[PDB]
Amino acid sequence: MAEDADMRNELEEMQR
Amino acid sequence: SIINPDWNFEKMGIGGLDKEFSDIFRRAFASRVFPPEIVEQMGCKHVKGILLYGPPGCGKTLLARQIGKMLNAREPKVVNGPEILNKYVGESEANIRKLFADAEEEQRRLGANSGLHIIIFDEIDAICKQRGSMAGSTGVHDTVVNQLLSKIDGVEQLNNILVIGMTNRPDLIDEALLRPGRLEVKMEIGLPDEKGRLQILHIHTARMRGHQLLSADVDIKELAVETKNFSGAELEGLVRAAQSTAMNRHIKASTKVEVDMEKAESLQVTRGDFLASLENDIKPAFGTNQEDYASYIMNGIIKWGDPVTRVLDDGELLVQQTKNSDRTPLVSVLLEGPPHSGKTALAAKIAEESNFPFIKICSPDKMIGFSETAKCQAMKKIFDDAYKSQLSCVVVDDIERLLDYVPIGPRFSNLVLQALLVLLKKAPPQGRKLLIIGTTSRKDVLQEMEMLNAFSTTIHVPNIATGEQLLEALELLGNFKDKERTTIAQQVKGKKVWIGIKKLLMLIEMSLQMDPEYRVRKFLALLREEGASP
Amino acid sequence: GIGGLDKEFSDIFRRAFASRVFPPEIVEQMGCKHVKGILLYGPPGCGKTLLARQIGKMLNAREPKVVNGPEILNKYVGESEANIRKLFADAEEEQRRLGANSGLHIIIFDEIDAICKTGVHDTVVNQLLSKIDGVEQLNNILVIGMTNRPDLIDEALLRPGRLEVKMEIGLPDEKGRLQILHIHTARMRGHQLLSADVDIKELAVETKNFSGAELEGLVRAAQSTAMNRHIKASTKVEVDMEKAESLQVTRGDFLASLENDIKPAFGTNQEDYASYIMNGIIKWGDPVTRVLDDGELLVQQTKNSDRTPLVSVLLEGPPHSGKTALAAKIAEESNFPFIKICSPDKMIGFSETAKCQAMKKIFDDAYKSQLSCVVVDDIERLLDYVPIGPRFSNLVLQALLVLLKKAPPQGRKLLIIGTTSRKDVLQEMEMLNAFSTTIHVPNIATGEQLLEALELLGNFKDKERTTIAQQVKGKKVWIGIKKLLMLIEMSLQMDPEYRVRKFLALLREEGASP
Ligand SMILES: Nc1ncnc2c1ncn2[C@@H]1O[C@H](COP(=O)(O)OP(=O)(O)OP(=O)(O)O)[C@@H](O)[C@H]1O
Ligand SMILES: Nc1ncnc2c1ncn2[C@@H]1O[C@H](COP(=O)(O)OP(=O)(O)OP(=O)(O)O)[C@@H](O)[C@H]1O
Ligand SMILES: Nc1ncnc2c1ncn2[C@@H]1O[C@H](COP(=O)(O)OP(=O)(O)OP(=O)(O)O)[C@@H](O)[C@H]1O
């Protein structure tokens, strides 16, 4: 079984 | 009143969607129109949702905006796609609740006798998708869906809101939202019919007729006849293209653009522009379902002998029997003959002469390099599609090429044979009729496999046998003069011949390449050398 | 307040509460453990919640705690896991204070699959698992969960000591549905707005596999069909207002709505049993009676024998003789609780493995009843066979040979009927010795039988029948009934003058001898 490929990511910003 | 006083059906310019609009009015607006006393007596609740869907360019947005215009109430709120997402946490729900805050306030202030509020969501699938089946990068989408579900139907009851949602892929929407109380009425918009295609064409041409800018030779009914499978958007595009073609004839560009302005005040649109546009500019996005009979019949049919008429009459009789019978919903027939006899063209003609709603032809030309499973899947799909219509006719040609037969060993594919043998005896659903026409060139091989008994009848397609038929065929084609015809007759009339029409055409074309003083001789040799056959 | 689950309630009591009676002292010396995890699965219905309330009632338990959906989920960090620990605070306090002599704790989870199955979900699952079974062990806590999709639950939750009891719950049925229908229809009945022609029992029987939102949905739809008669739209939104003085709901307004407006969500019980009998059965001779009598004799043996719980038969005959219908007729006359037909029509393009799985599943279903009957038709098509080579599939043949001599569980009966038209091939393959007995289905032999068949069909009148009898009566014939129907239909097409001649012409080409 071929291991799952790499993935991107999504980011969320927070305000102080 | 709740309805604009000047509103009427005719003013919204909608096309052939009579039934759908009537169903909407019945199932969505019946309750609000009756006096409060009786509706209170029943004590029934009111609808709050609608979900339009269908293929692109059918009128969903037009219908939604026309419904908005029809109703007299607050200006509808529009959510233009995924404009509600924000990077800061918790602000998407802020907007999704700001939308409904005003309606909540009004209902609180006035109670049951308050006005109505309408909210329109466009590209709903962008926002609302299954909570479980989603990206794990952020839980923002799930929180949004939960907020919407809570607001639309939560512990607090709100009953003066109507929400309209339009999409193109209804499957992706979450199941929890498409339940009674949120969106129970769900319509499907589809391609129009001939009457709808006439009404649509009428709605746009109106102004040109009003101002006398359309030539009298234009027949709208004919245009509606030709334009098959088109949609409203494509019809409007065709009209625009014809207009542009008509307009282009008063400008001299390509060095510097100018306009006449004195010969340009007598403009008119003829039927030629429509014909030109229908072949060059606009092609139907939905692939034409009509078969390309020109490809299969590339040189027409010529009556060189009785057998042609006999075969056509037999085909007509079979068509009549399958059309006017109830004890035998399924019928089959096989056409057999020597190679180069024209079986495919005759089968195509027989199929065309009938006027069945559904007609399709399955050929190996498309199945190049396919495995023995892909062919089975394709045949299954074709037959499944055929099953839907009330009357169906299907043609299977070149059977031996469909089984991958080779006389060495021999070899063939068993799975396809079994699938065909099962599909030749499966009756369609109740109250439907199907006809199957098969073509082949080797009857003994089929006899060996014991499938010749699966068919109901057989028809024989002979090839030219006597010199008189050859002379008649030459006369019909008219490729030689009287002197050459006499010269050829002087020899051929003595004996018999055995040749197929396709090979005859090839021989004629090969012969016509020589100089005039030799062509006839070149012909005779080709007939003598290749003509050695029973 | 539920029927048909008495044995299920008995099992529930036996499994968990049967061990609760003894005082703590005797169990302490025993050291025996107690159940704390129960899972219920089954389509939607009021039974599961009613059962939960029943368990809440019977035992001297605290006010049960029930969570309605994924309320634990929160936008902030750590709050989703924070709601869990509040649940067991009272349990921990009671365990630490009163020790063993502490009251039972009952927890009810509704739609647990929503919370149990990414940072929020995995952390919540870990917190719940640790609290249910962690370093500290509690012996006064019970957790109950209800689901409709058991396969979507996390496997770790099913490990012993986490979820112990597995329960399947049936769906609601006709009489409850009738009660719900009556409760809804009471309002219109009270005010005489409902027509007297409507029968609630008929609609309750008709609606099958529908929930309450759908059951309201059918009634609401009916209502609409009435009001639309008073509206006068399509030109304006102005209505009659004179027909408004009266309004009622006829039976049809319901019926239309259940066909053309509202569709069930769980499908429906589709059957096309007629598919195998499209022209009935007409007695044109003795052989039909003989075959039916033999079938009845075989049926009675299966039902009364103590030493032979399994019986097999084979139907033989030439093509177009009508065997598939004569087998289905016998199966219908059997009058057994379970009847099924295996046909190659439903398996097109399948490989050997798929066919083997399909047959195995049908036989597995058959085994679970008391007495069952199964019929397999077109054996040569099932194990595709071609005279060239010859070629066929060995896997299916071996599966059939194994299945034809495997007895069902003790005390159950099974009958098998096979149909084919190539006896010699099967005899060569050594399968004909597996079957217990055989029957023969012949064609039409004499002209008298053909004339009787024509008379029964009633397609030709006396004038033509006279000529047909003159021509055929003095000769033998060899034709199958299916082919006879095909020929009659084919000859009927032309004008009345040519019909007899066409029919007699075709008969000669299709004529033959055995
Ligand atoms: N039934 C119709 N009657 C009249 N005009 C129509 C009709 N259908 C389409 N048109 C014309 O085509 C245009 C396209 O229709 P519309 O914008 O409503 O499509 P849509 O289904 O909402 O589009 P999509 O699915 O591509 O987002 C309409 O603005 C109108 O110009
Ligand atoms: N009277 C006719 N009958 C049949 N075909 C004709 C006739 N007159 C001309 N043709 C043309 O002859 C050509 C040969 O027909 P076609 O290619 O279908 O033959 P075929 O017998 O199916 O060939 P093959 O042996 O290669 O499978 C077709 O283009 C058809 O248009
Ligand atoms: N007495 C009868 N016995 C059998 N079939 C009858 C009789 N009377 C009418 N029929 C009709 O004859 C048809 C029998 O065809 P059926 O498909 O059962 O035959 P089959 O022998 O299994 O065919 P095949 O060899 O083509 O698979 C059915 O329509 C059945 O209704």
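Chain by chain, residues are numbered from 1 following the written sequence, and this numbering need not agree with the entry; no residue without coordinates is displayed. The lettering of chains begins at A and the numbering of ligands begins at 1, in the order of writing. Here we see only some chains of a larger assembly; the values are for those chains and no others. Each side-chain value is derived from all of the structure's non-hydrogen atoms; neither hydrogens nor water enter the calculation.

In the annotation of the PDB entry, chain C is listed under the name Vesicle-fusing ATPase and assigned to Cricetulus griseus. In the PDB, the structure is listed with the title "21bin20S complex (NSF-alphaSNAP-2:1 syntaxin-1a:SNAP-25), non-hydrolyzing, class 4". UniProt positions are given in the numbering used here, feature names are shortened, and annotations may be inferred rather than shown by experiment. For the record of chain C, the UniProt heading Catalytic activity holds the text "ATP + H2O = ADP + phosphate + H(+)". According to the UniProt record, the Subunit comment for chain C is "Homohexamer. Interacts with GABARAP and GABARAPL2 (By similarity). Interacts with GRIA2 (By similarity). Interacts with PLK2, leading to disrupt the interaction with GRIA2 (By similarity). Interacts with MUSK; may regulate MUSK endocytosis and activity (By similarity). Interacts with CDK16 (By similarity)."

In the annotation of the PDB entry, chain B is listed under the name Vesicle-fusing ATPase and assigned to Cricetulus griseus. Under the heading Subunit, UniProt records this for chain B: "Homohexamer. Interacts with GABARAP and GABARAPL2 (By similarity). Interacts with GRIA2 (By similarity). Interacts with PLK2, leading to disrupt the interaction with GRIA2 (By similarity). Interacts with MUSK; may regulate MUSK endocytosis and activity (By similarity). Interacts with CDK16 (By similarity)."

1. Remarks on the pairing of strand β4 (residues 161-167) of chain B
Along a regular strand, successive side chains alternate from one face of the sheet to the other. All names here are of chain B. Counted residue by residue, β4 has seven buried out of seven residues, so it is predominantly covered. Burial along β4 is two-sided: the residues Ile161, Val163, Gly165 and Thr167 and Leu162, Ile164 and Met166 are all buried. Pairing geometry for strand β1 (residues 49-53) and β4, over five bridges, is parallel. Residue pairing across strands places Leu51 opposite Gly165, the latter belonging to β4. Any residue under 20% of the maximum accessible area for its type is buried, any over 50% is exposed, and the rest in between are partly exposed; the area is computed with a 1.4 Å probe on protein chains only. For the purposes of this entry, the term helix denotes a DSSP run of H or I that reaches at least four residues, the term strand denotes a run of E that reaches at least two, and both are numbered from the N terminus. For two strands to be treated as a pair, DSSP must find no fewer than two bridges joining them.

2. Some words on the environment of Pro264 of chain C
Relative to the helices and strands, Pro264 of chain C is located in the loop between α11 (251-261) and α12 (286-304). Placed 54 residues apart in sequence, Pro264 of chain C and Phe210 of chain C show a C-alpha to C-alpha distance of 6.0 Å.

3. Focus: the site of ligand 3
Ligand 3 sits among 16 residues. The nearest are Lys425 of chain B together with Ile282, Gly322, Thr324 and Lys482 of chain C. One heavy atom within 4 Å of a molecule or strand is enough for the residue carrying it to be called near that molecule or strand. Nearby residues place ligand 3 at the junction of chains B and C. Identification of polar contacts relies on pairs of N or O atoms within 3.5 Å, with a donor-acceptor requirement for protein atoms, meaning one able to donate a hydrogen and the other able to accept it, and with residues adjacent in sequence counted only if both atoms are side-chain atoms. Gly280 of chain C is positioned with one of its backbone polar atoms (N or O) 3.3 Å from an oxygen atom of ligand 3. Within the contact set of ligand 3, an oxygen atom lies 3.2 Å away from a side-chain nitrogen or oxygen of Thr324 of chain C. For ligand 3, whose accessible area on its own is 640 Å², the fraction buried by protein is 87%. Elements supplying a minimum of two residues to the shell around ligand 3: α13 (323-334) and α20 (481-492) of chain C. In short, Shrake-Rupley with a 1.4 Å probe defines the accessible areas, and a residue's cover is counted only from the protein chains shown.

4. Details of the sheet that holds strand β9 (residues 413-419) of chain C
Residue and element names in this part refer to chain C. One open sheet accounts for five strands, arranged β7-β8-β9-β6-β10; its pairing is parallel. Two strands lie at the open edges of the sheet, namely β7 (338-342) and β10 (437-440), each paired on one side alone. Along the sheet, successive strands turn relative to each other by an average axial angle of 20 degrees, direction set aside. Residue contacts follow a heavy-atom distance rule, with two residues in contact if any of their heavy atoms lie within 4.5 Å. Note on geometry: axes are lines fitted to C-alpha atoms, helical ones only across the stretch in contact, with angles between N-to-C directions running from 0 to 180 degrees. Contacts from α12 reach β6 (310-316), β8 (371-376), β9 and β10 within the one sheet, and its direction differs from that of β10 by about 160 degrees. Contacting β6, β7, β8 and β9, α13 runs over the sheet at an angle of about 165 degrees to β9.

5. What to know about the interface of chain B and chain A
With five residues of chain B at the interface, the matching set in chain A holds six residues. Buried area is calculated as the accessible area (1.4 Å probe) missing from two parts once they are joined, with the contributions of both summed. Interface of chain B and chain A: buried area, both sides summed, is about 470 Å²; carbon and sulfur atoms make up 58% of it. Only one rule defines a salt bridge in this text: a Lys or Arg side-chain nitrogen within 4 Å of an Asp or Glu carboxyl oxygen. Our enumeration of links across chain B and chain A arrives at zero salt bridges. Each residue is assigned to one class: nonpolar for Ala, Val, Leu, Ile, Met, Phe, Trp, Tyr, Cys and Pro, charged for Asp, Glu, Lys and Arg, and polar for all the others, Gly among them. Looking at the side of chain B that touches chain A, its residues break down into two nonpolar, two polar and one charged.

6. With respect to the UniProt feature "binding site: Mg(2+)" in chain C
Residue and element names in this part refer to chain C. Cross-referencing UniProt, the feature "binding site: Mg(2+)" maps to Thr324 in the present numbering. Its location among the elements puts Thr324 in helix α13. If we skip the residues at most four places from it in the chain, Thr324 touches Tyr276, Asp377 and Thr419.

7. Let's talk about the interface of chain C and chain B
Taken together, the contacts link 45 residues of chain C with 45 residues of chain B. The junction of chain C with chain B conceals about 4500 Å² of combined surface from both sides, 60% of it contributed by carbon and sulfur atoms. Between chain C and chain B we count three salt bridges in total. Across the pair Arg422 of chain C and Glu450 of chain B runs a salt bridge, and its minimum N-O distance is 3.6 Å.

8. Quick look at the site of ligand 2
All names here are of chain B. Around ligand 2, a shell composed of 15 residues is seen, among which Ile302, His340, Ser341, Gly342 and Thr344 lie nearest. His340 has a polar backbone atom sitting 2.8 Å from an oxygen atom of ligand 2. Among the secondary structure elements, those contributing two or more residues to the shell around ligand 2 are α13 (343-353) and α20 (501-511). Ranked by residues supplied to the shell around ligand 2, first place goes to α13 with three residues. Residue composition of the shell around ligand 2, by class: seven nonpolar, six polar and two charged.

9. Regarding the packing of aromatic side chains
Stacked, edge-to-face and tilted are the three classes for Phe, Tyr and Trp ring pairs, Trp counted by its six-membered ring, which pair at centre distances within 6.5 Å; planes under 30 degrees apart are stacked, over 60 edge-to-face, the rest tilted. Considering all chains together, one arrives at six aromatic pairs over all chains under this definition. Ring geometry for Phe480 of chain B and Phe523 of chain B: centres 5.8 Å apart, planes at 75 degrees, overall edge-to-face. Highlighted residues: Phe480 of chain B in the loop between α18 (467-477) and α19 (482-492) and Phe523 of chain B in helix α21 (residues 519-530), separated in sequence by 43 residues. Neither residue differs from the other here; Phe480 of chain B and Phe523 of chain B are each classed as buried. Three or more aromatic residues link up through ring pairs in this structure, and these residues are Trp7, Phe9 and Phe21 of chain B. Throughout this description, the term charge over a ring refers to an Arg CZ or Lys NZ atom that lies within 6 Å of the ring centre and within 35 degrees of the ring normal. Sitting over the face of the ring of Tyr76 of chain C, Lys75 of chain C holds its NZ or CZ atom 5.6 Å from the ring centroid. Positioned above the aromatic ring of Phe412 of chain B is the side chain of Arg391 of chain C, whose terminal nitrogen or guanidinium carbon lies 4.6 Å from the ring centre.

10. Topic: the pattern of salt bridges
All names here are of chain B. For the structure on display, the rule yields 29 salt bridges over all chains. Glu352 is the salt-bridge partner of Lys349, the closest N and O atoms lying 3.7 Å from each other. Within this pair, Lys349 and its partner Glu352 are both found in helix α13, separated by three residues, close to a single helical turn. Owing to a relative accessible area of 21%, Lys349 belongs among the partly exposed residues under this scheme.

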